[PDB]
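Quick setup: one chain, the form deposited in one PDB entry, written in structure tokens, and binding and motion questions come after.
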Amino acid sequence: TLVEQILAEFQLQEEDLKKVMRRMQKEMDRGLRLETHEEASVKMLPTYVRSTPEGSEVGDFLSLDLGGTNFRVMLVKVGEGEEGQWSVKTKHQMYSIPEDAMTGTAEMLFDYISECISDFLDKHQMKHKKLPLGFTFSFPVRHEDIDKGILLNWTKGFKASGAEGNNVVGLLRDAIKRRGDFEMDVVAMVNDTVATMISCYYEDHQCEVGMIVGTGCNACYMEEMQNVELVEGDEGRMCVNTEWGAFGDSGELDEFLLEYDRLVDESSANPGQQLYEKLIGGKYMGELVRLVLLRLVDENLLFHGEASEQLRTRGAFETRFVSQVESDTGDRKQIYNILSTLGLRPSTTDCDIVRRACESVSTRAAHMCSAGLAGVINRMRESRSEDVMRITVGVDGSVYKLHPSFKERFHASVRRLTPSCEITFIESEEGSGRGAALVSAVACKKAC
């Protein structure tokens, strides 16, 4: 109950969530309007993915994905189906990216990428061929078009000098060129949210929102072109990359932030940025729990006031431990084993307290996340005429998919916040690969 008072600080009431939801809708509006687009914490970035186009090229496409801890290269075949195109991943390969290839420059990084592409082509009797390439790039970008836009800044702990302010597609063409090895026709760069959204569209035409809850957290949704003041035109809809991860960066979340959030922020690669994401994303969630455990140790409430060397080092409480702790069946075997590995020797009640600390943090992530999505859905609701708006949300990310209860709490809370909306949630199958490819296919019809 001394424990419970500390953890209860993570609670959010219905009214707290409604306040976060209204504030998110307010920032989405400010991000879309010319007069406020520039100071907006929520950037609402036009993506040039549109509802208007007809016709799609068929054939084989290469898809890149950068923005996990792993970089992925795959081949995907697009062909002609019913009411649209099918797509399927045929060939694929994952690569890690080393320290010195990320402490360095952008040039170096994109060379590594180019080196990985060649490797994949070598290995697949492909080196000689030239194909349209789709680039899923999970970072905030200001687009000039479907095949051009600049990196605004790194998120999720990516460093690389000389990337911010530059055309990311340019940076990759410059690296393909500086290798001579192979020719590739970069036809489309998209965000992961957008890739996920697009990949759910084939099976569900109602899918107009894409969401990621993984290392980071973000969404995109189809906006009416008249509301997209940053792109001339009123015809049809364009996908907007909200970048809601940066919500709170102008102080909108100050009343809700905890000591643990301020500590995570100050110690991150990006002080004062991505504050909403720092409440939710798997890059931060284990670290939040860690900090909570340290506070309980210092109050002599956990591990008899003794923390191991491992518990005291940043990043040691991994986000996957939070999910494992919450998967524990009640026998405390999972919890004991995780803590033992961290050099602790926990009692029965220690294990239970650790469980509670995980649920408070993950439950707060789910609820916060729900308020942002509810804001996106209720904003869309305002432009729609039906009695009940039926909308499909495409989702990916290990926090959403793999955390035992996150998805259930998130669904219930979102639904509470969105009256007269019927919401269908679809988890993408190779959303990133296929989505990049499907957008490339359509862009090729005219672009290539």
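The term rigid core refers to the maximal set of C-alpha atoms that superpose within 1.5 Å between the two forms. Heads up: residue numbers just count along the shown sequence, starting at 1.
The same protein has a further form, the form deposited in another entry, not shown here; the description that follows concerns it.
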With the two forms fitted on the rigid core, I'd like to know which residue in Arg33, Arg384, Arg390, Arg415 is displaced by 2 angstroms or more at its CA between this form and the one not shown.
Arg384
Taking 2 Å as the cut-off, check whether the CA of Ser250 shifts that much or more between this form and the one not shown after a rigid core fit.
no
With a threshold of 2 Å on the C-alpha, tell me if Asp100 counts as moved between this form and the one not shown once the core is superposed.
yes
On a core-based superposition, does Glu429 travel 2 Å or more at its Cα between this form and the one not shown?
yes
